[PDB]
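Note sheet for the following structure.
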Amino acid sequence: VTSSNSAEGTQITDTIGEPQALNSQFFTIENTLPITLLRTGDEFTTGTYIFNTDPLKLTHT
Amino acid sequence: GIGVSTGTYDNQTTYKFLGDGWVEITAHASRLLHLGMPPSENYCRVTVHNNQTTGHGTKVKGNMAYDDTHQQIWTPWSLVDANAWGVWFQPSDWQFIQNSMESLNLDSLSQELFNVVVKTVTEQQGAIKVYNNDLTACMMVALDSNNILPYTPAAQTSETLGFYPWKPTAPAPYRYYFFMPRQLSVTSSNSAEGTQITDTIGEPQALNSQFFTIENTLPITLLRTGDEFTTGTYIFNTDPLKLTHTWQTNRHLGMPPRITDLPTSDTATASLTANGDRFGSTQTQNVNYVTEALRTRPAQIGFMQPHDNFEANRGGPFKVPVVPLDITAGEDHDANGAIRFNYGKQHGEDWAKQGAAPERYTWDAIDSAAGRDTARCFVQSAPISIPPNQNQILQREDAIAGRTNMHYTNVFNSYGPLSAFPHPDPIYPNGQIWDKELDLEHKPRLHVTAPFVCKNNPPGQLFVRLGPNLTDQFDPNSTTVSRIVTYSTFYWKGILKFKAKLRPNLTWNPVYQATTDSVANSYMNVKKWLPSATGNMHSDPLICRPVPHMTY
Amino acid sequence: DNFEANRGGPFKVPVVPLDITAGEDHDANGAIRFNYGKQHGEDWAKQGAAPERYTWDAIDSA
Amino acid sequence: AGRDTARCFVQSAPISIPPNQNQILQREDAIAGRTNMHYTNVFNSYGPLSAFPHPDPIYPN
Amino acid sequence: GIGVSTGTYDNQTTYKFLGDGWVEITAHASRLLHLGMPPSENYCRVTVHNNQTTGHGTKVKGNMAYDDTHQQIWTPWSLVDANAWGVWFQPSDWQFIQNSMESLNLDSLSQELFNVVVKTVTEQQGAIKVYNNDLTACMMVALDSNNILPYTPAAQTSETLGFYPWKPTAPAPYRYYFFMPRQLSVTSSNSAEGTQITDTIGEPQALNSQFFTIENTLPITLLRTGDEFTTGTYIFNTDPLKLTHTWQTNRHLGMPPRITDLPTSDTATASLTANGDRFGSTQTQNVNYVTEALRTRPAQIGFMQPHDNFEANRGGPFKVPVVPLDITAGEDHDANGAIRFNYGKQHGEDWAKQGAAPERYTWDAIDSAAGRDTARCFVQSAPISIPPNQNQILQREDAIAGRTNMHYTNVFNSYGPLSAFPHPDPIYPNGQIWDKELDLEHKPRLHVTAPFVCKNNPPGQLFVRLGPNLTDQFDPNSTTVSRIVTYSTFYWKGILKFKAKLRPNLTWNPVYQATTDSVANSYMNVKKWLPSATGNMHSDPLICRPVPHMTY
Amino acid sequence: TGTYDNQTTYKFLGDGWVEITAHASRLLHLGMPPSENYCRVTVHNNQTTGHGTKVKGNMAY
Amino acid sequence: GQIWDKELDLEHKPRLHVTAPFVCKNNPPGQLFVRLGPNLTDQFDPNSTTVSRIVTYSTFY
Ligand SMILES: [Cl-]
Ligand SMILES: [Cl-]
Ligand SMILES: [Cl-]
Ligand code: NA
Ligand code: NA
Ligand code: NA
């Protein structure tokens, strides 16, 4: 953290590190999901999903 | 039933897989206990007042933090407490669970006392001691099923049973807090010498006095050598504990901005489109542009906590607890509630180490996404202008109320409706496992000292003590007490069951695992978990929640 | 306008979108400003790289 | 569950004991150069770890 | 069936736990393949003879090891081979299996080809190429169920399918060895210049000639764009593979000698009773005493192997394979069969690396108890005397037949009825998985190139090729061939199932696990399994059998 | 292989309850990816001029 | 405005989200991914980093 008023000699530390073992997560679509191939005569459906959420008031207080 | 055992020793951990990744971890634990007669035969209302005017006293200026004054009810009873990870699993077990499972939950608890032996000591000449069996003598046992008596987690003061099966242990003596008024005024070393420090302790109050006795509240079982005692099975009702840690911070939530083009070489960077022309949303409408730092995120992961905040009630001053989060790059320990504890040889300290001083360790939250780097934090005046001149930005350096070291971050509370954070990590082996909830209408969202809080009523405390072994001469109307020197030993078996689930595996890259190595002086060197040439053991805190997990 | 920092970097802490009052204290009550393209509202006629911008002020007044 | 504002205080960290006047904020100290405005006046300690009883019923009003 | 897909892409690995620690690992693998027309339309009997008198030729003195001469039948067909660990699991999977399981076995194999597309290429002007669909064109497929044709494991020459799902691959061209006499004489650089090196290759022999054609031996399916082809499920019959390594060597087998007293301090040693008075047994009856080194053990763990032994048959000289065991402290690589292999970018090499040179890696057996430290080995004359004078002990230094570098260990064979050793480790991801057994009355106890050898008949090889796409002008009686430039692409899905069992956990100390780290330049640095700024991947061989296990 | 439909239909079940069914349809365009593989890209605006992070007081950028 | 949102996978969750009115109590609707299949040319080498593909694009409803 610095400000325009802040002394000129002051050096700004701006660093970025190497990928960490504890937090690295590399996913690929190919390896995690089943994939459907669609040629011109094909089509694809998700089927119906049911929401479970709370109502939203349409009035203000 | 003199010459026949009344129980079985068993300290093995068995895993039963029911399929679908579900596992039934049954931890058997057994220890040989030693119980000596109480120094006093009755209940005492003891007071501790360290109001010395020198050293670590409370009378010396600026020594509030050193306060130890309080009143307690000392009882002739002892408590058998096994509420600590170290009692149930051997290192490897903990490792295996942490590396392969992703969820863990308490299922049931059972315990029993058996093979009781009572002995008396008499003198001889040279003088040597002789030990005899008092077959008819007995040991008293009581179980508080409804938790009527004050809850006292022994793990908090390293007084649970020993973490080594082949080594004997002893129960901790039972004692509990009693109300006593306590006032202590605030001062600093700089503070004027003439200034007088008020250090007072009052008389027992009618509105808050509670004196309980085991004898008057619980049914007591007498155990002679041929007897044994069981608690029966207790069923836990607690929430599951995640065995993974989170890493996504507010900066990693959602759709990353779209890069303009792919890097040109393996060493190059890529650039986004101009701040002024980028799409997105912010909550600062004084500037016409979006940036990863200004961009609106769903909620706030982690939050600023007041440190090192001390508050005061009738009882006295005390350090307000804080949620254990990541200590960040900056390593702001106290600001993110890192926990430091000191323990004995029975609970980890190297047996070889000598001196009164205990072993100490500082636990840093595994999670890397909810901590706070106080140094890099700051608040900007609005309407917001960028860049800000020194008068429109409050940062670390700036001092509060003209105090060089007191910065805004010290009294800043960021907690709010949008705050989200992980659960404190379980700590093997010194950590407490479960905890009784506070009997208050409005309860806390969690406890710092334990991962599992009983929604209903927690398992009851197990109390023991030797029966007064009187001598030939006894007078009731006399305060004088004569008793035959007696002590006893007995075994304790406990059965703790967990329900755990094996982890999924979807990342392409290998994941971080808890391992051991041969590199000298490494924290994870195999040599630390092996015996020495003369059998000295050493059990250091083990890592946990090694595997990372998506937060959003 | 509170900024906090983690391993990742500095970031503006979000705030609950409430009424901006008579005083019109925008940032203090989390008004939301967003910039969007022609596909999502911007006038198709408008020209230039700059997107259209709008500031949403919570309907609630209490 | 009450609070004795007078005896309350905050200590700078890393924490040192005893603290010199510059590493401890207490009642006396004034905020924004105002004699009677102390930190306790604008301090909010509420948090995930806060627990307290329910207000008492008041007979007969 | 023109505009409709005929299959599903799926490359996910699913774990199904049946309980009791049993797991059903189902590995789905899918790749997009590219097939071009064959350079030649027919079968060729090609010969390779590197008999140059300079460089790496066989005519230069002492260059036997460089021999590459042989004859082969080159076929216009291509082989789809997925027999390699890298095809089925992503790094993390392998890690998870190695860290948590203790046993692994092959269960079933299934494959299918689908979504076939055939295209023709024609020219244009500026000249640019244009691509069109040949809807009516077809691709030929054949499956050798009974393994009539020569078995050719593509893993041996890094020619299996690519280890990256999102990247395209291609089948390897089919070819097989044909008998041809081959003689090459032994020489050394020191060997006299006038000496003439005999380097001969003979004419095809009647007794050993076998020319097979796909057309004449297998039924062939024609696949047009709307067709698809399935192998149906094959069931493996192989033995389980241990996922642990052994450490006990002959020196750690049985009852350790009884120490006289426990060490006096944590730094002290303990001593046994005098050699002359100690109880026990030895197989050297010239000395009246027992010692850990002389003491009789149950059997011999590991054994001495002849290296670098070259033998010769009609075909030519060849390096005799050796059982992959531990390379010891001494690091005697060739003496313990360490395996070194070179592979392409499709199979691991860093995509970023440039130059014709492939990436190379040397695999050292995980097991630490069966290797041999040639340096420290030795043979003592009997009757045995201790200590032995230089004339009654043969050691490393001593030279055989007056050759400075040829020591007895080079031609010593220790194999015998008492030899016991572990199975070669599986090698992810370059390693072959299963292998066909040799059709000889007396078979080998194992194979070096693969962990699973099919007791019965192995899964059949899958062959493919483009159908000759003729032009308007064609003459049969002419050797001239004109064909329309054609190529095709199609998908391949495979399903490999394993039966594996979760490991037990009984040691007190934490056990060695395969982990990842952040330390720069570490072999196990996370950065190796992540993509680069431009997407360059790198998949190095991963450790396996990390957990130790009792041998006796 | 499908039907285009972008109409919003209201179905009143009575008692004031309504079932709003929103149909939405669009024609999409998909071009091939610039790169065939997965990339670990980094963005670092650490310039010492303009809207860089190296200039004093530019954290927000 | 966004309509629904996935809840944060943390033991202690936020009372709401700023970016959306409906937060899925359970699991939210899954994301729909698409991409063109590599359309290779006559010349292709796996051991090469070089990629040649036929220019392709698609449209669908
Ligand atoms: Cl109980
Ligand atoms: Cl097959
Ligand atoms: Cl959906
Ligand atoms: Na600190
Ligand atoms: Na504003
Ligand atoms: Na070697």
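Letters A, B, ... mark the chains of the structure tokens in the order given; residue numbers begin at 1 per chain; ligand numbers begin at 1, in order shown.
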Neighbours of chain B in chain A at 6 Å, counting only C-alpha atoms, as a PyMOL selection string: chain A and resi 1+3-5+21-23+25-27
Can you write just those residues out, C-alpha atoms, as a PDB file, in the first residue's frame?
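Heads up, here's the output in selection_20.pdb:
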```
ATOM      1  CA  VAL A   1       0.000   0.000   0.000  1.00  0.00           C
ATOM      2  CA  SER A   3      -0.287   6.967  -1.698  1.00  0.00           C
ATOM      3  CA  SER A   4       0.655   9.668  -4.196  1.00  0.00           C
ATOM      4  CA  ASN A   5       1.929  11.721  -1.270  1.00  0.00           C
ATOM      5  CA  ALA A  21       1.173 -27.808  -4.075  1.00  0.00           C
ATOM      6  CA  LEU A  22      -1.485 -27.208  -1.464  1.00  0.00           C
ATOM      7  CA  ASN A  23      -3.750 -25.228  -3.718  1.00  0.00           C
ATOM      8  CA  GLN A  25      -6.308 -27.679  -9.116  1.00  0.00           C
ATOM      9  CA  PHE A  26      -6.147 -28.356 -12.815  1.00  0.00           C
ATOM     10  CA  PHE A  27      -9.331 -29.864 -14.313  1.00  0.00           C
TER      11      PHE A  27
END
```
Can you tell me which residues surround stretch 52-59 of chain D at a distance of at most 6 Å, considering only C-alpha atoms, apart from same-chain residues fewer than 4 positions away, and format the answer as a short mmCIF file (atom, residue, chain, number, x, y, z; two decimals) with N, CA, C and O atoms, in the first residue's frame?
```
data_model
loop_
_atom_site.label_atom_id
_atom_site.label_comp_id
_atom_site.auth_asym_id
_atom_site.auth_seq_id
_atom_site.Cartn_x
_atom_site.Cartn_y
_atom_site.Cartn_z
N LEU B 440 -27.08 -20.84 26.48
CA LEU B 440 -27.57 -19.48 26.34
C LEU B 440 -28.57 -19.45 25.21
O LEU B 440 -28.42 -20.18 24.23
N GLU B 441 -29.59 -18.62 25.33
CA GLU B 441 -30.60 -18.55 24.29
C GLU B 441 -29.97 -18.39 22.90
O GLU B 441 -30.27 -19.15 21.99
N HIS B 442 -29.09 -17.40 22.75
CA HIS B 442 -28.43 -17.15 21.47
C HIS B 442 -27.02 -17.69 21.50
O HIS B 442 -26.15 -17.16 22.19
#
```
Surrounding residues as a short mmCIF file (atom, residue, chain, number, x, y, z; two decimals) with N, CA, C and O atoms, in the first residue's frame, ligand 4, max 12 Å, only C-alpha atoms and all ligand atoms:
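The resulting file, selection33.cif, is reproduced below:
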```cif
data_model
loop_
_atom_site.label_atom_id
_atom_site.label_comp_id
_atom_site.auth_asym_id
_atom_site.auth_seq_id
_atom_site.Cartn_x
_atom_site.Cartn_y
_atom_site.Cartn_z
N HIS B 307 -7.95 -7.43 17.25
CA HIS B 307 -6.85 -8.07 17.98
C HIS B 307 -5.86 -7.02 18.48
O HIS B 307 -5.63 -6.03 17.78
N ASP B 308 -5.27 -7.18 19.68
CA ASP B 308 -5.50 -8.29 20.62
C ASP B 308 -6.47 -7.76 21.66
O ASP B 308 -6.08 -7.30 22.74
N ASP B 326 -6.32 -18.48 8.07
CA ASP B 326 -4.97 -18.49 7.52
C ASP B 326 -4.19 -17.27 7.97
O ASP B 326 -4.75 -16.19 8.08
N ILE B 327 -2.90 -17.44 8.23
CA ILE B 327 -2.08 -16.31 8.66
C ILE B 327 -1.45 -15.57 7.48
O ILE B 327 -0.59 -14.71 7.67
N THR B 328 -1.78 -15.98 6.27
CA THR B 328 -1.40 -15.23 5.08
C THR B 328 0.10 -15.31 4.80
O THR B 328 0.84 -16.00 5.50
N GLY B 330 1.90 -12.51 5.06
CA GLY B 330 2.43 -11.56 6.02
C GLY B 330 2.72 -12.19 7.37
O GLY B 330 3.48 -11.66 8.17
N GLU B 331 2.10 -13.34 7.62
CA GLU B 331 2.28 -14.06 8.87
C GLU B 331 1.85 -13.28 10.10
O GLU B 331 2.58 -13.17 11.09
N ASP B 332 0.63 -12.77 10.02
CA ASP B 332 0.03 -12.00 11.09
C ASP B 332 -0.67 -13.02 11.98
O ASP B 332 -1.86 -13.31 11.84
N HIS B 333 0.11 -13.58 12.90
CA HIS B 333 -0.34 -14.61 13.81
C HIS B 333 -1.54 -14.32 14.69
O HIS B 333 -2.56 -15.01 14.62
N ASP B 334 -1.43 -13.30 15.53
CA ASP B 334 -2.52 -12.97 16.43
C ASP B 334 -3.77 -12.46 15.73
O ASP B 334 -4.88 -12.66 16.21
N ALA B 335 -3.59 -11.82 14.58
CA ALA B 335 -4.72 -11.28 13.82
C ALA B 335 -5.60 -12.34 13.17
O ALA B 335 -6.75 -12.08 12.82
N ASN B 336 -5.06 -13.54 13.02
CA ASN B 336 -5.80 -14.64 12.41
C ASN B 336 -5.94 -15.83 13.34
O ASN B 336 -6.02 -16.98 12.90
N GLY B 337 -5.94 -15.54 14.63
CA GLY B 337 -6.11 -16.57 15.65
C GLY B 337 -5.28 -17.84 15.67
O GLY B 337 -5.80 -18.89 16.05
N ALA B 338 -4.01 -17.77 15.27
CA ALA B 338 -3.18 -18.96 15.32
C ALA B 338 -3.21 -19.42 16.77
O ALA B 338 -3.30 -18.59 17.68
N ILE B 339 -3.16 -20.72 17.01
CA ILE B 339 -3.21 -21.22 18.37
C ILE B 339 -1.90 -21.84 18.79
O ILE B 339 -1.35 -22.69 18.11
N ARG B 340 -1.40 -21.39 19.93
CA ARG B 340 -0.16 -21.91 20.46
C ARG B 340 -0.49 -22.64 21.74
O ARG B 340 -1.27 -22.14 22.55
N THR B 362 2.93 -23.89 17.63
CA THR B 362 1.98 -22.90 17.15
C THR B 362 1.28 -23.47 15.92
O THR B 362 1.92 -23.79 14.91
N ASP B 364 -0.99 -23.19 12.74
CA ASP B 364 -1.43 -22.24 11.72
C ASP B 364 -2.50 -22.89 10.86
O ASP B 364 -2.24 -23.92 10.23
N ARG B 372 -6.16 -12.86 6.74
CA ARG B 372 -6.09 -11.44 6.44
C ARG B 372 -4.66 -10.94 6.60
O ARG B 372 -4.03 -11.20 7.62
N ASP B 373 -4.16 -10.24 5.58
CA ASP B 373 -2.80 -9.70 5.60
C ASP B 373 -2.94 -8.23 6.05
O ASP B 373 -2.98 -7.33 5.21
N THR B 374 -2.99 -8.01 7.36
CA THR B 374 -3.17 -6.67 7.93
C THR B 374 -2.29 -5.61 7.27
O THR B 374 -2.73 -4.49 7.02
N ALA B 375 -1.04 -5.96 7.00
CA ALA B 375 -0.11 -5.03 6.37
C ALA B 375 -0.65 -4.46 5.05
O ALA B 375 -0.69 -3.25 4.86
N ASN B 410 -6.36 -2.86 14.27
CA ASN B 410 -6.44 -3.40 15.62
C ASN B 410 -7.83 -3.38 16.21
O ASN B 410 -8.16 -4.22 17.05
N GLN D 11 -4.48 -4.37 22.82
CA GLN D 11 -3.03 -4.35 22.79
C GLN D 11 -2.48 -4.68 21.41
O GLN D 11 -2.91 -5.63 20.77
N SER D 12 -1.52 -3.87 20.96
CA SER D 12 -0.90 -4.07 19.66
C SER D 12 -0.09 -5.35 19.62
O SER D 12 0.47 -5.78 20.62
N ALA D 13 -0.04 -5.97 18.44
CA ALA D 13 0.70 -7.21 18.25
C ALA D 13 1.68 -7.06 17.09
O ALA D 13 1.44 -6.28 16.17
N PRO D 14 2.81 -7.74 17.18
CA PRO D 14 3.01 -8.76 18.21
C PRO D 14 2.89 -8.15 19.59
O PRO D 14 3.42 -7.08 19.87
N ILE D 15 2.18 -8.86 20.45
CA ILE D 15 1.92 -8.44 21.82
C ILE D 15 3.11 -8.53 22.75
O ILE D 15 3.80 -9.54 22.80
N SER D 16 3.33 -7.46 23.51
CA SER D 16 4.42 -7.44 24.48
C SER D 16 3.83 -7.08 25.85
O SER D 16 2.96 -6.21 25.96
#
```
Within 8 Å of chain A: residues of chain C, using only C-alpha atoms, as a PDB file with N, CA and C atoms, in the first residue's frame:
```pdb
ATOM      1  N   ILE C  59     -34.074  -0.143  -4.588  1.00  0.00           N
ATOM      2  CA  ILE C  59     -35.431   0.381  -4.534  1.00  0.00           C
ATOM      3  C   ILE C  59     -35.846   0.741  -3.109  1.00  0.00           C
ATOM      4  N   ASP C  60     -35.441  -0.077  -2.143  1.00  0.00           N
ATOM      5  CA  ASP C  60     -35.870   0.105  -0.760  1.00  0.00           C
ATOM      6  C   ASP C  60     -35.418   1.439  -0.185  1.00  0.00           C
ATOM      7  N   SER C  61     -36.310   2.083   0.558  1.00  0.00           N
ATOM      8  CA  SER C  61     -36.031   3.390   1.146  1.00  0.00           C
ATOM      9  C   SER C  61     -35.884   3.420   2.671  1.00  0.00           C
ATOM     10  N   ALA C  62     -35.756   2.265   3.318  1.00  0.00           N
ATOM     11  CA  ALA C  62     -35.805   2.248   4.771  1.00  0.00           C
ATOM     12  C   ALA C  62     -34.575   1.674   5.461  1.00  0.00           C
TER      13      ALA C  62
END
```
Identify all chain F residues at most 10 Å from chain E by counting only C-alpha atoms; ligands do not count. Present them as a PDB file with C-alpha atoms, in the first residue's frame.
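Generated file (out.pdb):
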```pdb
ATOM      1  CA  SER F  35      -5.567 -23.000 -29.328  1.00  0.00           C
ATOM      2  CA  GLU F  36      -6.230 -26.713 -29.268  1.00  0.00           C
ATOM      3  CA  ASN F  37      -5.094 -27.151 -25.660  1.00  0.00           C
ATOM      4  CA  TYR F  38      -5.357 -25.983 -22.035  1.00  0.00           C
ATOM      5  CA  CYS F  39      -3.184 -23.013 -21.042  1.00  0.00           C
ATOM      6  CA  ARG F  40      -2.088 -21.613 -17.695  1.00  0.00           C
ATOM      7  CA  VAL F  41      -2.182 -17.913 -18.504  1.00  0.00           C
ATOM      8  CA  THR F  42      -0.964 -15.085 -16.251  1.00  0.00           C
TER       9      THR F  42
END
```
Dump as a tab-separated table the rows for residues of chain D within 8 Å of chain B: closest atom pair and distance in Å with one decimal, only C-alpha atoms counted, ordered by chain and rising residue number.
```
residue	atom	partner	partner_atom	distance
D:1	CA	B:313	CA	7.3
D:2	CA	B:313	CA	6.2
D:3	CA	B:313	CA	5.5
D:4	CA	B:312	CA	5.4
D:5	CA	B:312	CA	7.4
D:6	CA	B:185	CA	7.9
D:7	CA	B:185	CA	5.6
D:8	CA	B:311	CA	4.7
D:9	CA	B:310	CA	5.3
D:10	CA	B:309	CA	4.5
D:11	CA	B:308	CA	5.1
D:12	CA	B:406	CA	5.8
D:13	CA	B:308	CA	6.7
D:14	CA	B:334	CA	7.2
D:15	CA	B:308	CA	7.5
D:17	CA	B:63	CA	6.5
D:18	CA	B:62	CA	4.7
D:19	CA	B:188	CA	5.9
D:20	CA	B:189	CA	5.1
D:21	CA	B:188	CA	5.4
D:22	CA	B:403	CA	4.7
D:23	CA	B:405	CA	5.0
D:24	CA	B:406	CA	6.8
D:25	CA	B:406	CA	6.7
D:26	CA	B:186	CA	7.4
D:29	CA	B:401	CA	6.1
D:30	CA	B:401	CA	5.6
D:31	CA	B:401	CA	5.2
D:32	CA	B:401	CA	6.7
D:33	CA	B:401	CA	7.3
D:43	CA	B:411	CA	6.9
D:44	CA	B:413	CA	6.5
D:45	CA	B:413	CA	7.0
D:46	CA	B:415	CA	7.8
D:47	CA	B:415	CA	6.2
D:48	CA	B:445	CA	5.3
D:49	CA	B:444	CA	4.8
D:50	CA	B:444	CA	5.2
D:51	CA	B:443	CA	4.8
D:52	CA	B:442	CA	5.5
D:53	CA	B:440	CA	5.2
D:54	CA	B:441	CA	5.8
```
DSSP-assigned strand (DSSP E or B) members of chain G, reported as a PyMOL selection string: chain G and resi 4-5+12+22-23+40+53+57-60
Interatomic distance, atom CA of residue E:429 to atom CA of residue E:90 (Å, one decimal): 8.9 Å
Given 9 Å and only C-alpha atoms and all ligand atoms, residues near ligand 1 as a list in words: residues 108, 109, 110, 111, 112, 143, 144, 145, 230, 231, 232, 233, 234, 235, 458, 459, 460, 461, 462 and 494 of chain B
Selection within 6 Å of ligand 5 by only C-alpha atoms and all ligand atoms, output as a PyMOL selection string: (chain B and resi 382-383) or (chain C and resi 25-27)
Can you write just those residues out, N, CA and C atoms, as a PDB file, in the first residue's frame?
```pdb
ATOM      1  N   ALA B 382     -14.523   7.915   0.177  1.00  0.00           N
ATOM      2  CA  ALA B 382     -15.397   8.055  -0.980  1.00  0.00           C
ATOM      3  C   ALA B 382     -16.172   9.361  -0.886  1.00  0.00           C
ATOM      4  N   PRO B 383     -16.471   9.961  -2.031  1.00  0.00           N
ATOM      5  CA  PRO B 383     -16.263   9.292  -3.312  1.00  0.00           C
ATOM      6  C   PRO B 383     -14.804   8.928  -3.502  1.00  0.00           C
TER       7      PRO B 383
ATOM      8  N   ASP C  25     -25.298   8.733  -0.695  1.00  0.00           N
ATOM      9  CA  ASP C  25     -24.011   8.163  -0.353  1.00  0.00           C
ATOM     10  C   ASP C  25     -23.961   6.810  -1.061  1.00  0.00           C
ATOM     11  N   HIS C  26     -23.544   6.859  -2.318  1.00  0.00           N
ATOM     12  CA  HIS C  26     -23.469   5.692  -3.179  1.00  0.00           C
ATOM     13  C   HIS C  26     -22.653   4.504  -2.712  1.00  0.00           C
ATOM     14  N   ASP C  27     -21.364   4.715  -2.500  1.00  0.00           N
ATOM     15  CA  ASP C  27     -20.493   3.624  -2.088  1.00  0.00           C
ATOM     16  C   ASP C  27     -20.802   3.090  -0.695  1.00  0.00           C
TER      17      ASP C  27
END
```
Residues within 12 Å of residue C:41, only C-alpha atoms, excluding chain neighbours under 2 positions, as a VMD selection string: (chain C and resid 34 to 39 43 to 46 51 to 54) or (chain G and resid 1)
Within 9 Å of ligand 3 (only C-alpha atoms and all ligand atoms), residues as an MDAnalysis selection string: (chainID A and resid 45:50) or (chainID G and resid 28:32)
Would you put the residues from that selection into a file with N, CA and C atoms, as a short mmCIF file (atom, residue, chain, number, x, y, z; two decimals), in the first residue's frame?
```cif
data_model
loop_
_atom_site.label_atom_id
_atom_site.label_comp_id
_atom_site.auth_asym_id
_atom_site.auth_seq_id
_atom_site.Cartn_x
_atom_site.Cartn_y
_atom_site.Cartn_z
N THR A 45 -30.59 -32.99 -25.01
CA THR A 45 -31.44 -32.44 -23.94
C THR A 45 -30.90 -32.63 -22.53
N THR A 46 -31.16 -31.65 -21.66
CA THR A 46 -30.68 -31.72 -20.29
C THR A 46 -31.67 -32.42 -19.38
N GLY A 47 -32.94 -32.44 -19.77
CA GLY A 47 -33.92 -33.05 -18.89
C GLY A 47 -34.27 -31.94 -17.91
N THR A 48 -35.28 -32.15 -17.07
CA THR A 48 -35.67 -31.09 -16.16
C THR A 48 -35.02 -31.06 -14.78
N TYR A 49 -34.55 -29.87 -14.41
CA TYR A 49 -33.91 -29.65 -13.12
C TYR A 49 -34.90 -28.93 -12.21
N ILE A 50 -34.96 -29.33 -10.94
CA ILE A 50 -35.88 -28.69 -10.01
C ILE A 50 -35.16 -27.80 -9.00
N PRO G 28 -26.94 -26.37 -7.69
CA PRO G 28 -27.49 -25.58 -8.80
C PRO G 28 -27.48 -26.28 -10.14
N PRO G 29 -28.24 -25.75 -11.11
CA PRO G 29 -28.26 -26.40 -12.42
C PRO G 29 -26.84 -26.45 -12.97
N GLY G 30 -26.52 -27.55 -13.63
CA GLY G 30 -25.18 -27.72 -14.17
C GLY G 30 -24.86 -26.86 -15.38
N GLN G 31 -23.57 -26.57 -15.57
CA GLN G 31 -23.13 -25.75 -16.69
C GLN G 31 -23.08 -26.55 -17.98
N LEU G 32 -23.45 -25.89 -19.07
CA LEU G 32 -23.49 -26.51 -20.39
C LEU G 32 -22.28 -26.12 -21.25
#
```
Check: which chain G residues lie within 12 Å of chain B using only C-alpha atoms, as number ranges by chain: G: 1-2, 4-23, 27-28
Taking C-alpha atoms for each residue, export the selection above as a tab-separated table (two decimals), in the first residue's frame.
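Contents of again-v9.tsv, freshly written:
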```
chain	number	residue	atom	x	y	z
G	1	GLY	CA	-29.00	-9.13	-13.37
G	2	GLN	CA	-28.01	-12.70	-12.58
G	4	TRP	CA	-29.62	-17.81	-9.43
G	5	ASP	CA	-26.27	-18.63	-7.87
G	6	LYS	CA	-24.33	-21.57	-6.44
G	7	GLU	CA	-23.74	-21.37	-2.71
G	8	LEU	CA	-20.16	-21.23	-1.39
G	9	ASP	CA	-18.79	-24.60	-0.27
G	10	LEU	CA	-17.80	-23.44	3.22
G	11	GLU	CA	-19.00	-24.73	6.55
G	12	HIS	CA	-20.27	-21.28	7.59
G	13	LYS	CA	-22.13	-19.59	4.77
G	14	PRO	CA	-23.16	-15.97	4.11
G	15	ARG	CA	-26.74	-14.88	4.78
G	16	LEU	CA	-27.02	-13.84	1.11
G	17	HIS	CA	-25.19	-12.99	-2.08
G	18	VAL	CA	-24.94	-9.54	-3.62
G	19	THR	CA	-24.79	-10.72	-7.21
G	20	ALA	CA	-28.04	-12.73	-7.23
G	21	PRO	CA	-31.52	-12.91	-5.67
G	22	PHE	CA	-31.86	-16.72	-5.74
G	23	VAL	CA	-29.23	-18.91	-4.13
G	27	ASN	CA	-26.97	-28.14	-5.97
G	28	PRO	CA	-27.49	-25.58	-8.80
```
Nearby residues (only C-alpha atoms) at most 8 Å from residue C:12, same-chain spacing under 3 positions excluded, as an MDAnalysis selection string: (chainID B and resid 293:296) or (chainID C and resid 1:4)
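Residues of chain A carrying a DSSP assignment of alpha helix (DSSP H), computed from the backbone, are residues 29, 30, 31 and 32 of chain A.
Counting only C-alpha atoms, residue F:2 has the following residues at most 10 Å away, ignoring those fewer than 4 positions along the same chain: residues 42, 43 and 44 of chain A; 61 of chain G.
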